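Asks: partial complex follows, first chain(s) only, in situ:
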Amino acid sequence: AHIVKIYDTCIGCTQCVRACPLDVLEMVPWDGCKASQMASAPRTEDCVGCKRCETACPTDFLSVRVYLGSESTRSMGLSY
Amino acid sequence: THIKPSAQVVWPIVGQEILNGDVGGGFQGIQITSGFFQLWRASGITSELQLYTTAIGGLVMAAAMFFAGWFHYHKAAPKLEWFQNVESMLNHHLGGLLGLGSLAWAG
Amino acid sequence: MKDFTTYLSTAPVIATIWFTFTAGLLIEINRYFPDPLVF
Amino acid sequence: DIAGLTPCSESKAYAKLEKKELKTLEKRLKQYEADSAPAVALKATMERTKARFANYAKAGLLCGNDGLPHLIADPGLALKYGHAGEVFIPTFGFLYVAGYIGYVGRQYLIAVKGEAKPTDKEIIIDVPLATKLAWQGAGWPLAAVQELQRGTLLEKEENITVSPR
Amino acid sequence: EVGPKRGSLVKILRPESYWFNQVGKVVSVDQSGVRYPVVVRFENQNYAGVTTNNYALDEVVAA
Amino acid sequence: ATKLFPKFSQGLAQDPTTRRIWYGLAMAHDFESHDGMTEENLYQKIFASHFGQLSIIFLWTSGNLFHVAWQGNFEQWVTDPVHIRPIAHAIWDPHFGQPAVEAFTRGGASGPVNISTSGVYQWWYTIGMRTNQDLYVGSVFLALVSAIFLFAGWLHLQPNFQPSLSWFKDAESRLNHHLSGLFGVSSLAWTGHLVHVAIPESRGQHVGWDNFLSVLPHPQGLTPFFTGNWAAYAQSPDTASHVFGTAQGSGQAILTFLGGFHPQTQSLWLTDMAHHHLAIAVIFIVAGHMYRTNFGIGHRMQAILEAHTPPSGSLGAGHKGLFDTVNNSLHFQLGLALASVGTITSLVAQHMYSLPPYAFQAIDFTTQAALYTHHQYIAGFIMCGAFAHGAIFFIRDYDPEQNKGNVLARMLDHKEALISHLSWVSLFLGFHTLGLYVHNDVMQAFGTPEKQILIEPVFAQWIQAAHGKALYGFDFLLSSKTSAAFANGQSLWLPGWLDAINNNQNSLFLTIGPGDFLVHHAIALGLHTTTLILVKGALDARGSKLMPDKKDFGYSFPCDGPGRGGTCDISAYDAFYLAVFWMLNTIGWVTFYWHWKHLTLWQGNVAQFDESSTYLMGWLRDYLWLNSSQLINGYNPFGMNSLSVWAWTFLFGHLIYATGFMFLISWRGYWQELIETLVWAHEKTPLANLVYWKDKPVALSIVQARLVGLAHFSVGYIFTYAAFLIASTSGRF
């Protein structure tokens, strides 16, 4: 499975969650940013590694980071 | 059968005049392979005067084309309904452009 | 006219004019001083 | 003289090459009438060929066994043996022109940088300013030394971005 | 009112930031205790096309 | 479910696709990444792997000796080494046609055989080998040596024989032994073989384990050696009338310093090479007594490095922390070894062709060409590997806190300056070296060869003059008969050296002109560009402005996705992959230059190269097109000749090279979608759907495709040139 991590730099834009095409991320209540919300990655087992979340992340540097890891039928996005 | 068609002459500079080969007919230039000489002979052109007159005609036509482009976009622009007249467009392109064009050429 | 001169001041136009000027200058020099190999 | 080369003026291969070149042009000049434009053109090329072989020899160029002029690039050999118009002088001529272009372009970028939209002045060239700098670029070498000595030519490292390391 | 003044020019110190050793303008500083309260705007866009970012008080210095 | 292969990575073992098979083979020697890997186990595995490599090398050598002694004509080549063509091995192909059998039957007939271009015939002959019995015995010995290294490999990994990590870290002790024994004693033992066997064999005397003890290497024995009258050993050397392998014109000296080459063999003197190995053996043995191991004397490498800090702070903390940096990084150690061995490999190529050490080697043009190209291509790959491991070192082993202020950390602090300067140099060389060739081509095309830019290589010619060549008239040092450097060495090597450097028929300092100047700047272009690519990869391996956290992704990763403008080929591995193309282009230019200059010298018209090498049309028509006729006629509608295998291989290399273009230009996405359609077709096809796959078929990975494409590209590159090189030289000579 690919390793997805969220960093304190997260601003709670929710853009990564909206960009994810496999529902690997969600917004959880937080107190570190003004938006009072931070991105979480509770379903990384369904992550394929498209890195759309990173493309949607506007922080410098990225608050969401994807590290390609062990490959599975879900990770390879195989319908067979 | 002996003279090679040539219609491009290069200026004598930095030694490039070598490209003006001895094509024949008391002429020196680059040999062309576009087939224009044979097309002009088929059309019945026998003088450089006829080629010069057609050249002037083409520029008059080029000026007309650029005018048409400006006029049909800035002055009288056809509406979508006009462009969506496919039945009319095919009738004119088959009968006028193609059939009339072929009839005129036969003339 | 001001907009037209601004268009003539656009990168491509200036490049064409400047390069045409530079090319011309070099060509004319070789036209009057042919085969220049050494100073 | 140097490297065992020989003056083109005394090389036999240099002389044979000039004859070989003129004989090709002459073999062609025959198929044409004397006043024919083709004949006039081949004659002007033959005159230009004769002048080149003569001008190159007069310039004191050295020729290898191939009978072709070789250029001496060592500043020491060129100055001591009369071969400085081959690489040395050309070097200072190019360096002046190339620095001219660079210093003017740098002066332009610096001037447009203090404007409202520098990016706009890079796609649309401020011609009047550009022409002014183009003329003032003749004294670039002295300006470049004066900038190097005031410490205004370079940027402070603290103001230049770099990767994490 | 902690943080640099609004409209002031500060130089970024975040190493992984695209504007490291570069100067931007202080858009606003969040008085609330957020980890990064300084909003800085830059003229040059980053590789992502962004021209703004949040930094901590320590990550910025008047310059 | 979890498959057994690979056992070193559960991740791959749990991959249900075909990628598991490819990655299991691709990551088998990356021990550091294997599951449950410890530093000590890492060292022990490498130690055993090194014994395995040695076993393979010795079997390869034994195999070579056996096939020559069993299928070649060594006992016939020795009789006439000028006109007899050496046989590599016999050809048993049942697909051959009767004509092909006849075309390949040669070298004393005995059926279809391949001619050898390796140079082992001249090598073994020079070292004293004279019979197939000698070759057979050597083969057996080396086969036995291979088995011992294979056993040692197995044993030094078994319990009670597994060396500790501390033993692997004992640098001062390992270097002392390798310098004094591996290098010094080995060279000394070689001097003994040359003096006791090779030189007697060259003088017509057989000296083997049967009579080596009852034979005297020198008439005065060791009395000169122990009395100090060493000069005695240099008295009465072989004369110019010495017929190699016989006592005709043969002298009695064992160690000399004649210099130059033996008149008949056109190779270096055995007495000069014996004295060379003796001198270097002494130097190495002494050098091996510099580091402290157990007796209270010697240097501590850490103390040496820690002391080397310029007092002005120009190098920061100097070499502080570098001992531990190098001692704890196998990648750093491998980077240095490759960089050194690779440079040494190129030296072997440059020195072996200019100063041929083996008899009748310079007359075998095909072998001369093959050896130079072979070593120059192996050198190029090794150099690429060195930087690759330097980039890996930075990502996996480099610890900034332990290298703070040191020369290594300083490099990273000015990487932009280093890269930007390598960029400038490469640009200058590229624009001017290309511009001058194009100018010359246009001048040749317009029929004005006197107008071409022909800069004389005066600086190189001045060096050649310094070495003795008087053709340039610079008159200085060895070119000046009134110079001290000339007088001091007049009674030593100069005479023989000056005769050779002034002979324009050998390859000793060939004459050079404007064509050599242009190609040398082309070589400089390639070296700087390939270094720019490799250096930029190592310096940016840990991070850049586009990817500041690259170190967290490792040496090899596909990309960072299309975000941030696009990040294809951003890894340091991607830099190595791009550098290989430039390395092959560089070695291509260098090998083309060497081959063309030698083909013209061998043919006897150096003027062709001197007048055609100054324009690229000359290279394409006077070198490639002209020298390809006989090769492409290896097989034709009128029949085939011995050059048929080379014609077939030449085209075989073009095919593999172009197949690489598909893996290099077309990318995964397109193929993955095509395979999915095939998976549907197989599952929807009756009877076919009865059989199924254990590994889900998938397109090759991005990194895998770059490697497979580069491999196909590199294999075709080598096979095509090797086929052209051997065919052109052999067919023409």
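Replies: Looks like it arrived, so ask away. Residues are numbered from 1 along each chain as shown, chains lettered A, B, ... in the order given.
Asks: what helix or strand is residue F:453 on?
Replies: Assigned by DSSP states H and E, residue F:453 belongs to neither a helix nor a strand.
Asks: what about it, distance to chain A?
Replies: Residue F:453 sits at a distance of 50 Å from chain A (criterion: CB to the nearest CB, to the nearest Å). From N, CA and C alone the C-beta is placed, and that goes for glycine too.
Asks: quick one: contacts for that residue?
Replies: D:71, F:436, F:439, F:440 (CB atoms under 8 Å, 6 or more residues apart in numbering or on different chains).
Asks: what of residue A:48?
Replies: A:2, A:22, A:74, A:75, A:76, A:77.
Asks: look up how far chain D lies from it.
Replies: Distance from residue A:48 to chain D, by CB to the nearest CB: 29 Å.
Asks: mind checking which residue lies nearest the centre of chain B?
Replies: residue B:58 (6.7 Å; CA atoms, centre = their mean).
Asks: pull out the buried residues from the helix or strand where it lies.
Replies: Applying DSSP H and E as the criterion places residue B:58 in helix B:48-70. Buried positions in helix B:48-70, judged by neighbour count with 16 or more other CB atoms under 10 Å in any protein chain shown: none.
Asks: does chain C sit close to it?
Replies: No: applying CB under 8 Å from any CB of the partner chain, one finds helix B:48-70 separated from chain C by no less than 15.9 Å.
Asks: can you pull the residues of chain D lying near chain E?
Replies: Checking chain D against chain E by CB under 8 Å from any CB, the hits are D:158, D:159, D:160, D:161, D:162, D:164, D:165.
Asks: doesn't residue E:21 make contact with the second one?
Replies: Yes: under the criterion of CB atoms under 8 Å, residue D:159 is in contact with residue E:21, at a separation of 6.2 Å.
Asks: shared neighbours of these two, anything?
Replies: Common neighbours of residue D:159 and residue E:21, using CB under 8 Å, 6+ apart, are residue E:11.
Asks: these two - which one has more neighbours?
Replies: The residue with more neighbours, out of residue D:159 and residue E:21, is residue E:21; 17 against 11, by other CB atoms under 10 Å in any protein chain shown.
Asks: OK, contacts around whatever residue of the stretch 51-200 of chain F ends up closest to chain E?
Replies: Distance from chain E to each residue of the stretch 51-200 of chain F (CB to the nearest CB) is smallest for residue F:169, at 33.8 Å. Neighbouring residues of residue F:169 by CB under 8 Å, 6+ apart: residue F:327.
Asks: distance check, it against residue F:548.
Replies: Here the criterion is CB to CB, to the nearest Å. By it, residue F:169 lies 34 Å from residue F:548.
Asks: ok, now chain G:
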Amino acid sequence: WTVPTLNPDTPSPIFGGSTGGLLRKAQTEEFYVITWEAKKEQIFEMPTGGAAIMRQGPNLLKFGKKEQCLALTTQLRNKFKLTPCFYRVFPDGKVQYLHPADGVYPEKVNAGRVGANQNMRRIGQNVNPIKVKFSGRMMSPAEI
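Replies: Chain G goes in next, on the same frame as the chains above:
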């Protein structure tokens, strides 16, 4: 809100079938089933290729992978303002509800959700790989 139960006998949108449908994986490993309610019959695009007509009220479709279900989920929500839900179904009869996991779409912050894979540091505060070397396996400084 409670975890929904998948009714497998739900009417499926009108569609003549295609060649981009389920494969042997659906019978051996697992398949995905999207369900939604339609207030009107509307033609829509099958993520596997082709046009299909959603039926009034309940609708059910089966896809080979989760991405295809979420792709259809995106179109129905963005274009038709519908609220679909999908599940992973195993070959042994087991059904697993997947999205929206808590009944509230992930982009909308919801209570109860506990953060996962979150690092209380910026990426530039990650350690050097030399520190995470010789661990149980190949890992990244980010994982620590």
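Asks: revisit the contacts of residue A:48 given that chain G is now included?
Replies: A:2, A:22, A:74, A:75, A:76, A:77, G:67.
Asks: out of these, who's near chain F?
Replies: Residues of those in contact with chain F (CB under 8 Å from any CB): residue A:76.
Asks: now for the residue of the stretch 401-550 of chain F found nearest chain C, how many residues are close by?
Replies: Proximity of the stretch 401-550 of chain F to chain C (CB to the nearest CB) peaks at residue F:451, 6.1 Å away. Neighbour count for residue F:451, taken as other CB under 10 Å: 21.
Asks: that one against residue C:37, yeah?
Replies: Yes: under the criterion of CB under 8 Å, residue F:451 makes contact with residue C:37 at 6.3 Å.
Asks: circling back: look up how far residue F:544 lies from the residue nearest to the centre of chain B.
Replies: Taken as CB to CB, the span from residue B:58 to residue F:544 is 56 Å.
Asks: for residue F:91, what are its contacts?
Replies: Going by CB under 8 Å, 6+ apart, residue F:91 touches F:104, F:111, F:112, F:113, F:114.
Asks: which residue is the nearest non-sequential neighbour of it?
Replies: Spatial nearest neighbour of residue F:91, excluding adjacent residues (CB to CB, 6 or more residues apart in numbering or on different chains): residue F:112 at 4.0 Å.
Asks: can you tell me, leaving aside adjacent residues, what's nearest to the residue of chain G positioned farthest from its centre?
Replies: Distance from the C-alpha centroid of chain G peaks at residue G:130, with 38.2 Å (CA atoms, centre = their mean). Spatially, and ignoring its direct neighbours in sequence, residue G:130 is nearest to residue F:399 (4.5 Å; CB to CB, 6+ apart).
Asks: distance of the one you found from residue F:123?
Replies: Between residue F:399 and residue F:123 the computed distance is 46 Å (CB to CB).
Asks: got it, and residue F:89?
Replies: When residue F:89 is compared with residue F:123 (using CB to CB), they lie 17 Å apart.
Asks: buried ones in the helix or strand hosting residue F:137?
Replies: Using DSSP H and E, residue F:137 falls within helix F:132-155. Going by neighbour count (16+ other CB under 10 Å), the buried part of helix F:132-155 is F:132, F:134-135, F:137-139, F:142-143, F:145-146, F:149-150, F:152-153.
Asks: does it pack against any helices or strands, and if so which?
Replies: Judged by 3 or more CB pairs under 8 Å, 6 or more residues apart in numbering or on different chains; DSSP states H and E, helix F:132-155 is in contact with helix F:39-71, helix F:74-77.
Asks: you'd agree residue F:219 is up against residue F:254?
Replies: No: contact criterion CB under 8 Å: residue F:219 and residue F:254 do not qualify, at 10.1 Å.
Asks: tack on chain H:
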Amino acid sequence: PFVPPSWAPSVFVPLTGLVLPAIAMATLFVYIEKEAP
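Replies: Chain H goes in next, on the same frame as the chains above:
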């Protein structure tokens, strides 16, 4: 001396390059397809 018979190639070449490859490929393919207990 250490000389194989004339039939050596007529037998060694067939075995090495056809027979042995097949045997190697067979065992290798089996191991890869085998799954961990």
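Asks: and the contacts of residue A:48, now that chain H is in?
Replies: A:2, A:22, A:74, A:75, A:76, A:77, G:67.
Asks: excluding its backbone neighbours, what's nearest the third one?
Replies: Sequence neighbours aside, residue A:46 is the residue nearest to residue A:74 in space, at 5.6 Å (criterion: CB to CB, 6+ apart).
Asks: quick one: secondary structure of the residue most central in space within chain C?
Replies: Centroid-nearest residue in chain C: residue C:21, 1.7 Å away (criterion: CA atoms, centre = their mean). Using DSSP: H, G, I helix; E, B strand; the rest coil, the secondary structure recorded for residue C:21 is helix.
Asks: neighbours of the closest residue to residue D:11 other than its chain neighbours, how many?
Replies: Leaving aside its sequence neighbours, residue D:11 sits nearest to residue D:63 (CB to CB, 6+ apart; 4.2 Å). Residues lying near residue D:63 (other CB under 10 Å) number 24.
Asks: and residue G:90, how far from chain A?
Replies: Relative to chain A, and taking CB to the nearest CB, residue G:90 is found at 13 Å.
Asks: list the residues that contact that residue.
Replies: G:30, G:96.
Asks: where's it relative to chain D, distance?
Replies: Distance from residue G:90 to chain D, counting by CB to the nearest CB: 46 Å.
Asks: what distance do you get for that residue to residue G:35?
Replies: Taken as CB to CB, the span from residue G:90 to residue G:35 is 17 Å.
Asks: which residue sits farthest out from the middle of chain H?
Replies: Max distance from the centre of chain H (CA atoms, centre = their mean): residue H:37, 28.7 Å.
Asks: specify which member of the contacts of residue A:48 is nearest to residue F:59.
Replies: residue A:76 (41.3 Å; CB to CB).
Asks: residue contacts, that closest one?
Replies: Residue A:76 makes contacts with A:48, F:17, F:19, F:696, F:698, as judged by CB under 8 Å, 6+ apart.
Asks: around residue D:96, how many other residues sit close by?
Replies: Neighbours of residue D:96 (other CB under 10 Å): 12.
Asks: likewise residue F:644?
Replies: Using other CB under 10 Å, residue F:644 has 19 neighbouring residues.
Asks: could you do residue F:80 as well?
Replies: Residue F:80 sits with 9 neighbouring residues when counted by other CB under 10 Å.
Asks: that one falls within a helix, correct?
Replies: No: according to three-state DSSP, residue F:80 belongs to no helix; its state is coil.
Asks: look up how far residue G:96 lies from it.
Replies: According to CB to CB, residue F:80 stands 84 Å off from residue G:96.
Asks: just residue F:438 next, same as before
Replies: From residue F:438 to residue G:96 the distance is 68 Å (CB to CB).
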